[PDB]
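Peer 1: give me coordinates for this.
(7 chains)
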Amino acid sequence: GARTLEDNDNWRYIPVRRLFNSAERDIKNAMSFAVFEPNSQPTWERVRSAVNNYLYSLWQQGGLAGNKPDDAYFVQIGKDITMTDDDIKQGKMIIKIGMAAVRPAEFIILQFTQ
Amino acid sequence: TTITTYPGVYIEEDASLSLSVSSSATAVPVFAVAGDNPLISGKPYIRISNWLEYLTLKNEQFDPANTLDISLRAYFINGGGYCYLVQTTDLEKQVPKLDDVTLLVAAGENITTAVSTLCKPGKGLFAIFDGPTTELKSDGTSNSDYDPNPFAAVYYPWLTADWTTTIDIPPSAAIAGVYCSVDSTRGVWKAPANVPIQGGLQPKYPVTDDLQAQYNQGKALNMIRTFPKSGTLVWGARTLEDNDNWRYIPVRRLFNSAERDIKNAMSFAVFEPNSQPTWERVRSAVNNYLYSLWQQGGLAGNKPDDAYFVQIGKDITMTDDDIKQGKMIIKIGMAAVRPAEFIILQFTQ
Amino acid sequence: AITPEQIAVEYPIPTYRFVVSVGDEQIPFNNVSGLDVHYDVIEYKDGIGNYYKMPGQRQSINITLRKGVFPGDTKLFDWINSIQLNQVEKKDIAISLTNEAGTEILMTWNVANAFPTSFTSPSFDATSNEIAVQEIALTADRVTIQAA
Amino acid sequence: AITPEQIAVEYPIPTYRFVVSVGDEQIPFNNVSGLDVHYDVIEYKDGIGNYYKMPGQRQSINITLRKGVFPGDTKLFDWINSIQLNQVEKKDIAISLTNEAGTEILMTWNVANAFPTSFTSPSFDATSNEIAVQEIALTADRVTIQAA
Amino acid sequence: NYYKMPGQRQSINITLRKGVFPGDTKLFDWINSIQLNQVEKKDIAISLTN
Amino acid sequence: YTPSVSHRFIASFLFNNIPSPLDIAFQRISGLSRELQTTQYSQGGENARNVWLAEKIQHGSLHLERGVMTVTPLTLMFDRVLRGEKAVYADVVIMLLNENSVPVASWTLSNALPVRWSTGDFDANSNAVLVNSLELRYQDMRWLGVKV
Amino acid sequence: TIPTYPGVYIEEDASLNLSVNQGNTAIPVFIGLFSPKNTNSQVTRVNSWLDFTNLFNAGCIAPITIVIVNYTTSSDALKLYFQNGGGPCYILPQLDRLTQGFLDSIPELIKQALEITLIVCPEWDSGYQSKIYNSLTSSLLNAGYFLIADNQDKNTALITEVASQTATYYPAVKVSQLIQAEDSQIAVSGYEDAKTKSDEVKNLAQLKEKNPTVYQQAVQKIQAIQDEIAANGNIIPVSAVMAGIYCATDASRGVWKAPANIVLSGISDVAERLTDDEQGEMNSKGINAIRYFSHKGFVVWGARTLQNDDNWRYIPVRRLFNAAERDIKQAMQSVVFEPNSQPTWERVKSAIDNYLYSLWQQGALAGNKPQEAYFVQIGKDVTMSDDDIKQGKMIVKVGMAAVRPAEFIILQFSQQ
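Peer 2: Residues are numbered from 1 along each chain as shown, chains lettered A, B, ... in the order given. And now the structure:
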């Protein structure tokens, strides 16, 4: 058994919930260098490189679903894409990450005939 | 079984059939279906990808008493790919809507009117008919009801198998499967004859050399015969028009495939400026395709200059009036290879 | 007295005006080279002094296209980065000598089934006064010349 | 009449203004080169004249960075001097073409898992009028281009 | 997979250039003192100076 | 007719019908061959033709090469057999993968017996990875797939 | 979220944003039942999808007036517009009932925003679209504005005040799903009782906790609308999609290139499958078709306008002249209050000649040399007279030559 306590298309399986927990922690450590840095475009590009480098490594290990990295994850960050003037003036930097997880086979059916 | 609750292994004891599916782009048939069929009622058309999908959509066990069931089983067991099901009355309305359909298969129905309307030059369609259900008349008048259409062919006789009942499999369903297998294996330019019919299918009536000698000219009928060592074979590759052009199915079907492929190759030129730079781009695309076709062996000639030619330009293919009207005119001439049909053995001591 | 129509018929063509079509799209390039055709030679000698020479097998065609770096443009790199294991989209390439205004073709070089094998990025030099130039290398099968 | 915003959109980019990030730190460099991608070609011939060509395996990426010698700075040598037997800290490297004032990125080259293989010290010449320049050579796994 | 590691470090080769001065043969004496495989090894330091 | 490359492959070992997930990466796997042994027979008056008589079928051995890594169930099985313990069998599936990691061709070997384990030399002048060499002898071979 | 401590925050959501493009020669205005987040009738500039959601409430339910509800495709149509390459755009929300005062003010509101170039009405209702199209006066369209319209019939073309400046497309497109909004994002107004003023209820969420009876009244209408749209399929007008294709084509190929032979993205199916014979009838009448091709997908297969003559038959020809006269007018605005003398006229001729030469360089105009592509005329006895000059007039003649697209390609096959 590998099911969590919520029966939903997301987080139904322990592997999917725990994979996202690990990825969030690893990414948070990856781009933690950017805190207390200038909130400008050159910093945003540096953060995007750090996140993209980690996600490609995770996909190479087999942790993501997809034949090519463009099918396994995407990263977005920029002005009028992830954040507005109010967010920048408040010191906020907003990143969007979307990754696809692989779900295991759970039921095996044998069909017998003569 | 179908209800999955616990992780583990489920055991069920079924008897559903399982077949295999091929992939041929030059053979995408449409099967005429009787309107009384519950599956096709209320829909314009239905696309069937394999026997598994058909059985799933049918939600019923295989019935050998259903003409549509046996036709699809014969078609899929012979190597056919995904097909379309269209009611007979809706053929002239739904076929032009479908873009990838190349074959018009009469799965036991009467599609004489649809063929006379759809199968015309430039439409890129080929029709497969059904032969008479009775014995062949020795006077040579068993083909009087077929129009001399170079885009259609007739096959005789109907087929039976182990899983057969008072109804016999129409020959069109099995033949359309042969088209898919031959095209994917040896190409569209090779004759779809002299090939075994898969399964246990057998002709219902025997045809000899004398019987076939009457129906191998004019509106020729293609026979399905059994030979002592080679089993059941398709014996005949002639269309319904006896002319130096389009006499043979391979020549007519090769031009249909080339016209479709060339049309797709240069479709990028529509809504482009009607100037010489565009014409050179189109000439490059057409010449590239024709050379590749000649390389595969689909054209006759020792060198490409003997196999095809392409002409396009001002005062060569079009005038000032054509250009001002938005017309772009290209000339293509390709030579097809015709098969050997009669083998003569001369014996002496 | 020489008429411009006489020049367009009898005079040779310069090299600096050309248009390149990659696949079904047209891309401006700065340099194109390598459109060569080579053959091997098969020889046979005998005791009485004969000497036979025949053409051999044709070699593969190699092409290099040079282009500047433009904002927001990564088409050439996206092509070479799409190789999975041994699968890649092969494109036909046409290079045409063109009218000085671009509205008429004079001569066309046709390249069939080309796919990239190498990509060179610009070298970043802090003392230079040049434009970033990328280079792509392509391997193809056949080359033909068509006179307009 | 050409507006500056038109130049930033349509005109090509020069090479002399760039910023280099090594790991999580940015170091001013004088010359960066070698960001190339190469593939092998696999061929197959048969008796009836067929000829197949496919991309092969991708080769490894080599990069050279050139930098002047500054007082109290030995960071690049300390990196290559940290190799024990076969263990060394691998760093990601990003080279970005930049706005003329450094406040905007135009295009980025991303280099993953790079470690040093060679280090060249300046040549001490008593008749020269140049600046001491050190060079470091790196081996990497992958190169990608991201357009800003 | 594709793994890359550093290998063995190669040896260091150094060339020094010097003019010829009267009565000075110090550099040639050092190389002329090799017997069979024995030679005096010396440390060398080059410093950028004020 | 497009052929397949030989540098993308997988091998799976099953011990008591339990696949080993850590034993799928190998540097080299030798080719698999089957031979039909035959004896030539000569008749009395037949001096211009040959006759070949069929016999049993001879299977080749399975050779694998792999670097030195952490202990895996395949290693423990090999150590037990070569330590003088009871012989044990394993089932091996070798798959040739395409660009989508789909096995186009596959070979399954029944009752493979470990018979040899050798390691590379410890050379102080070398720049190389220590590589283990394994050899197995199986009872039967069977191939499944769409290509061969 | 509300950040308190420095560091990294983690959020799980499903919000989607799209890449933002840019352009100058194609800026559309959308008129429809939008739901602005701010009460304060005026045209609002939107730079991207993120900016739209920040200023408007996205959803398929129009604001509720107290009860009646309406179904709107404006939010989904805008998402299709951005997914097909659209850039910054202006949004003109129509609120409450469709009064004639709003219809009369539409041409003036559009002219007030100086960057508008295209007009789109992304509404599924045929009667609502017909009223808006009729509200576009001939003066507005002739001032350099282009209307993209949705034909509601396969056999009869639309009628507008200027045929040369209108393009119609058929049929509409389907999508997999529509944007659903929470109760707090559905605007509600007009509710009032004894203890509460009319302004105390703003959305469906507040209405639910104040009067469940009328809340159940509203949700039954909403559920009925959701059932109806599910039965017929999520059908979206195709004009919003074409607006994005116009922006993408102009940036990539140029205004002189026909906005046809382009693959649609983000859609699932077309509302009707067309044959070549049906497409032939529509093309003669001036109705562009969205066709499905197996080897391509969903593509635009028409580049005609509603006027059928040798001058303004093709969209690229009409749009090119609109772009040229707009840019020329922009250059001529720095001469408006100059003295009306010969040196002023020379500067005018130089400015137009320089612009026209640059246009010919990119391939917009036809001809091997500039003399064959354009001409500029201005003079004291060539274009204007003494009376015109004494009245403060300055008359300049401009002519251009355009390249027509190729619409039909004919293959002639021979056996030998």
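Peer 1: next, give phi and psi for residue C:5.
Peer 2: With angles defined as degrees, to the nearest 10, residue C:5 sits at phi -60, psi -40.
Peer 1: swap that for residue C:3, please
Peer 2: phi -80, psi 150.
Peer 1: what number of residues lie near it?
Peer 2: Residue C:3 has 8 neighbours, counted by other CB atoms under 10 Å in any protein chain shown. Every residue, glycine included, has its C-beta placed from N, CA and C.
Peer 1: from chain E, how far off is it?
Peer 2: 65 Å (CB to the nearest CB, to the nearest Å).
Peer 1: check residue C:114 too.
Peer 2: Residue C:114 is 27 Å from chain E, by CB to the nearest CB.
Peer 1: which residues does that residue bridge with?
Peer 2: With DSSP bridges as the criterion, residue C:114 is bridged to residue C:91.
Peer 1: try the one 10 residues further on
Peer 2: Per DSSP bridges, residues listed as beta-bridge partners of residue C:124: residue D:32.
Peer 1: residues in contact with it?
Peer 2: Shown in contact with residue C:124 (CB atoms under 8 Å, 6 or more residues apart in numbering or on different chains): D:15, D:18, D:29, D:31, D:32, D:33, D:95, D:97.
Peer 1: try residue A:65
Peer 2: A:71, A:72, A:100, A:101, A:102.
Peer 1: wait, the second one sits on residue A:66?
Peer 2: Yes: under the contact definition of CB atoms under 8 Å, residue A:72 touches residue A:66, with a separation of 3.4 Å.
Peer 1: mind checking which of the two has more residues around it?
Peer 2: residue A:72 (21 against 13).
Peer 1: any part of the longest helix belonging to chain A near chain G?
Peer 2: Longest helix of chain A, by residue count under DSSP state H: helix A:41-60. No: counting by CB under 8 Å from any CB of the partner chain, chain G has no neighbours in helix A:41-60; the shortest distance is 10.6 Å.
Peer 1: what helices or strands is that helix leaning on?
Peer 2: The elements that helix A:41-60 packs onto, with contact taken as 3 or more CB pairs under 8 Å, 6 or more residues apart in numbering or on different chains; DSSP states H and E, are helix A:14-30, helix A:69-72, strand A:73-76, strand A:96-99, strand D:18-22, strand D:91-98, strand D:105-120, strand D:142-147.
Peer 1: now distance to residue F:108 too, for those, in TSV please.
Peer 2: Output for those, formatted as TSV (distance: least, CB to CB, whole Å):
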stretch	distance to residue F:108
helix A:14-30	29
helix A:69-72	31
strand A:73-76	35
strand A:96-99	35
strand D:18-22	49
strand D:91-98	42
strand D:105-120	37
strand D:142-147	35
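Peer 1: closest one to residue C:104 among these?
Peer 2: Nearest to residue C:104 among these is strand D:142-147; the distance by CB to CB comes to 34.7 Å.
Peer 1: if you count neighbours, what's buried in the closest one?
Peer 2: Going by neighbour count (16 or more other CB atoms under 10 Å in any protein chain shown), the buried part of strand D:142-147 is D:142, D:143, D:144, D:145, D:146.
Peer 1: my guess is the second one contacts residue D:37, does it?
Peer 2: Yes: Residue D:143 is within contact range of residue D:37, at 5.9 Å (criterion: CB under 8 Å).
Peer 1: where does the nearest residue to residue G:155 once chain neighbours are set aside land in three-state SS?
Peer 2: Spatially, and ignoring its direct neighbours in sequence, residue G:155 is nearest to residue G:281 (7.3 Å; CB to CB, 6 or more residues apart in numbering or on different chains). Classification of residue G:281 into helix, strand or coil gives helix, according to DSSP: H, G, I helix; E, B strand; the rest coil.
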